[PDB]
Amino acid sequence: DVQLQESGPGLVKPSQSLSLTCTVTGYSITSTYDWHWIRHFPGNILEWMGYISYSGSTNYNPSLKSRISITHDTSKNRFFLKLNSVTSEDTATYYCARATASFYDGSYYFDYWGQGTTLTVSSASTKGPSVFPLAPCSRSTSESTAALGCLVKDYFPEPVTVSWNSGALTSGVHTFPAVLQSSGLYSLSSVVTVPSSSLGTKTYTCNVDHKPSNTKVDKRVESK
Amino acid sequence: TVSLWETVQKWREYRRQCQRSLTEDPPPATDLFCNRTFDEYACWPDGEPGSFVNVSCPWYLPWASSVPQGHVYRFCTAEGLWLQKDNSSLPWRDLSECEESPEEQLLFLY
Amino acid sequence: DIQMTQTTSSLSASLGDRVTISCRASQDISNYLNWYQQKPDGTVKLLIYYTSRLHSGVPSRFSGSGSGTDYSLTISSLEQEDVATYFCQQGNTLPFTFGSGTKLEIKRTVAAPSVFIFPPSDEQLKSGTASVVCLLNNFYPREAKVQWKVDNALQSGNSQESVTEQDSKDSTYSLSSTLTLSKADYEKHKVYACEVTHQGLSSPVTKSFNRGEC
């Protein structure tokens, strides 16, 4: 049972250095195999970056010209990715992988993968979200169900967690993926469908948490 | 310079060269020779009946300089069969001279 | 410098149906073609290596074929846990290169969206901007037209959509469209409407409000 798992900072400022660690368990990285870094861009471009062999020999994608180094610490069974002077084009999910091979047909393939670690490159400052109610114009409707929500706006970095009535309300909930706005800040909505008869008899509160700014906000959603 | 990938490339090249030999080398002196073959480890030539057949340590091996004079051996019986135990489905082979187990286990995983 | 192309970047199929994902290399890669599955949560698994060899532990529903420049991955019967993105990878020559991926999702019967519109809250308006939100709930297929109209005038450049991942239980999607205007622009107009066009709707559905009635 080989396991690989990446660790490192999730956030880095432009022009800084990026350093990631892959911690390998269940197999010695100084034996037999090669040990690779691969990253996945948003938009599904998957790019091979390089490997370090069991012997310490490395080989890098030419595109990552001078910026990349791969190293290992054999006593701790870890290997490392250093990427110089990152820019926002280095925003990606970074994976470490073991390569093995078959000497029956000469194939070489990545048989075990880490879970990946997301990296965001950005100079934006930490900021908690504003939380606004999403409520129908009219508080009286003839339809059987109604939708309520809250708009979670202008925060950084990801993520926020949104819950409804402190976790008691879960069915009918959709919390949308955050969108990066022109400003460098993220925004999302969370919505819930409920029976129309429940309005004004039952209270609906969205609980928003943003750990990076130590924000914890409750917003009661009612039709004005 | 030393990697699983480099060794794989060398194995592929070894295979390509062996395949050329299998196809292009002239027929044996007589009718009875043991037939040439690639066993995924080494290229075996046609074998003379009644003779041991000697093949240099395959050059793609990572330790292929620990053993520069070394040979791996088969035997071709008087009947033109590669020597093979009743107990086995592969021909007898002695590669003791070309040994370096983790890399070697992988080398023989089919 | 080998380009891997998966011409189809998105595919939807019914539970139980046969699925084929295709890959093309810019030059002959001599069967050194590997297939990987990336689940929605990001986990990546090797499925197939050397065109057709099944990695141990991988369901036998997966098979691979091809030669030269053209390769294919096949799922003999689609099951829910196969919802994932599938990537090919040539392992013939450095640098290793991957295809652009094919996202596989479940095809279900048509379901029309339930549509809701929300005005900007008074709390937001005192901050200087106005967000108008249109929600499309629990629909299928994903394809939908969402148009914003302000005093019956069509809007461009000032809205963003977000879509949920396909729902694991009922296979539907939900979608939000957010129209962003300055406070001043918002106050300059009266009628705000979002119009939705979708396979499950015989004719487009419009939801609207008058700014004054909020």
# chains A, B, ... in the order shown; residues from 1 in each chain; ligands from 1
$ interface_residues --of "chain A" --to "chain C" --cutoff "6 Å" --atoms "only C-alpha atoms" --output "PyMOL selection string"
chain A and resi 44-46+48+61+107+111+115+134-137+176
$ interface_residues --of "chain B" --to "chain C" --cutoff "12 Å" --atoms "only C-alpha atoms" --output "PyMOL selection string"
chain B and resi 5-6+8-9+12+110
$ interface_residues --of "chain B" --to "chain A" --cutoff "7 Å" --atoms "only C-alpha atoms" --output "NGL selection string"
:B and (1-4 or 8 or 11-12 or 40 or 102-103 or 107-110)
$ write_last_selection --atoms "N, CA and C atoms" --output "tab-separated table (two decimals), in the first residue's frame"
chain	number	residue	atom	x	y	z
B	1	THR	N	20.20	10.60	-15.43
B	1	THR	CA	21.31	9.73	-15.78
B	1	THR	C	21.11	8.30	-15.25
B	2	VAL	N	20.52	8.16	-14.06
B	2	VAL	CA	20.06	6.84	-13.58
B	2	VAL	C	18.61	6.95	-13.11
B	3	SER	N	17.68	6.37	-13.87
B	3	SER	CA	16.25	6.47	-13.56
B	3	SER	C	15.51	5.28	-14.13
B	4	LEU	N	14.31	5.02	-13.60
B	4	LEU	CA	13.50	3.95	-14.16
B	4	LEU	C	13.21	4.25	-15.62
B	8	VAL	N	14.04	1.97	-18.95
B	8	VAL	CA	12.96	1.58	-19.85
B	8	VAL	C	13.29	1.91	-21.28
B	11	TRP	N	15.72	-0.55	-22.47
B	11	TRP	CA	15.11	-1.85	-22.69
B	11	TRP	C	14.41	-1.85	-24.06
B	12	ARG	N	13.69	-0.76	-24.34
B	12	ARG	CA	12.97	-0.63	-25.61
B	12	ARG	C	13.93	-0.71	-26.78
B	40	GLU	N	12.13	-11.35	-23.27
B	40	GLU	CA	11.87	-10.08	-22.52
B	40	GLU	C	13.02	-9.69	-21.59
B	102	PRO	N	14.69	-5.38	-5.45
B	102	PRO	CA	13.56	-4.51	-5.85
B	102	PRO	C	13.53	-4.23	-7.35
B	103	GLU	N	14.65	-3.78	-7.90
B	103	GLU	CA	14.76	-3.57	-9.34
B	103	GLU	C	14.60	-4.90	-10.09
B	107	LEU	N	11.92	-6.10	-12.83
B	107	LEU	CA	12.45	-6.57	-14.10
B	107	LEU	C	11.74	-7.83	-14.58
B	108	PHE	N	11.28	-8.67	-13.66
B	108	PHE	CA	10.63	-9.92	-14.06
B	108	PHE	C	9.12	-9.97	-13.79
B	109	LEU	N	8.49	-8.81	-13.60
B	109	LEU	CA	7.04	-8.73	-13.38
B	109	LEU	C	6.27	-8.55	-14.70
B	110	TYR	N	5.61	-9.61	-15.18
B	110	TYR	CA	4.94	-9.59	-16.49
B	110	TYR	C	3.41	-9.54	-16.40
$ residues_around --residues "residue 84 in chain A" --least-positions-apart "5" --cutoff "9 Å" --atoms "only C-alpha atoms" --output "ChimeraX atom specification"
/A:15-19,66-69
$ write_last_selection --atoms "N, CA and C atoms" --output "short mmCIF file (atom, residue, chain, number, x, y, z; two decimals), in the first residue's frame"
data_model
loop_
_atom_site.label_atom_id
_atom_site.label_comp_id
_atom_site.auth_asym_id
_atom_site.auth_seq_id
_atom_site.Cartn_x
_atom_site.Cartn_y
_atom_site.Cartn_z
N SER A 15 5.55 36.47 -8.03
CA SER A 15 7.01 36.59 -7.98
C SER A 15 7.68 35.87 -6.80
N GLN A 16 6.90 35.38 -5.84
CA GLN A 16 7.49 34.63 -4.73
C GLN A 16 7.88 33.22 -5.18
N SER A 17 8.50 32.47 -4.28
CA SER A 17 8.84 31.09 -4.57
C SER A 17 7.74 30.17 -4.06
N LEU A 18 7.49 29.09 -4.80
CA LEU A 18 6.54 28.06 -4.38
C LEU A 18 7.31 26.81 -3.95
N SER A 19 6.97 26.25 -2.79
CA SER A 19 7.61 25.00 -2.36
C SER A 19 6.58 23.99 -1.87
N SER A 66 13.89 27.36 -16.29
CA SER A 66 14.89 27.49 -15.26
C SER A 66 14.22 27.55 -13.91
N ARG A 67 12.90 27.64 -13.94
CA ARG A 67 12.11 27.91 -12.74
C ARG A 67 11.98 26.74 -11.77
N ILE A 68 12.22 25.52 -12.24
CA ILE A 68 11.85 24.36 -11.44
C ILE A 68 13.05 23.60 -10.88
N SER A 69 12.90 23.11 -9.65
CA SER A 69 13.81 22.13 -9.10
C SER A 69 13.00 21.04 -8.41
#
$ residues_around --residues "residue 72 in chain C" --least-positions-apart "3" --cutoff "6 Å" --atoms "only C-alpha atoms" --output "JSON, numbers by chain"
{"C": [21, 22, 23, 64, 65]}
$ write_last_selection --atoms "N, CA and C atoms" --output "PDB file, in the first residue's frame"
ATOM      1  N   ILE C  21     -14.603   7.018 -25.099  1.00  0.00           N
ATOM      2  CA  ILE C  21     -13.814   8.257 -25.076  1.00  0.00           C
ATOM      3  C   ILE C  21     -12.590   8.068 -25.966  1.00  0.00           C
ATOM      4  N   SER C  22     -12.345   9.030 -26.848  1.00  0.00           N
ATOM      5  CA  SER C  22     -11.333   8.862 -27.869  1.00  0.00           C
ATOM      6  C   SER C  22     -10.192   9.849 -27.702  1.00  0.00           C
ATOM      7  N   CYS C  23      -9.009   9.436 -28.142  1.00  0.00           N
ATOM      8  CA  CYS C  23      -7.836  10.268 -27.995  1.00  0.00           C
ATOM      9  C   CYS C  23      -7.063  10.136 -29.303  1.00  0.00           C
ATOM     10  N   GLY C  64      -9.506  -0.714 -23.119  1.00  0.00           N
ATOM     11  CA  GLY C  64      -8.868   0.231 -24.017  1.00  0.00           C
ATOM     12  C   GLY C  64      -8.403  -0.436 -25.298  1.00  0.00           C
ATOM     13  N   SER C  65      -8.353   0.331 -26.376  1.00  0.00           N
ATOM     14  CA  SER C  65      -7.878  -0.183 -27.647  1.00  0.00           C
ATOM     15  C   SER C  65      -7.238   0.952 -28.452  1.00  0.00           C
TER      16      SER C  65
END
$ select_by_dssp --residues "range 37-168 of chain A" --states "strand (DSSP E or B)" --output "ChimeraX atom specification"
/A:37-40,46-53,58-60,68-73,78-83,92-101,108-113,117-121,127,130-134,145-156,161-164
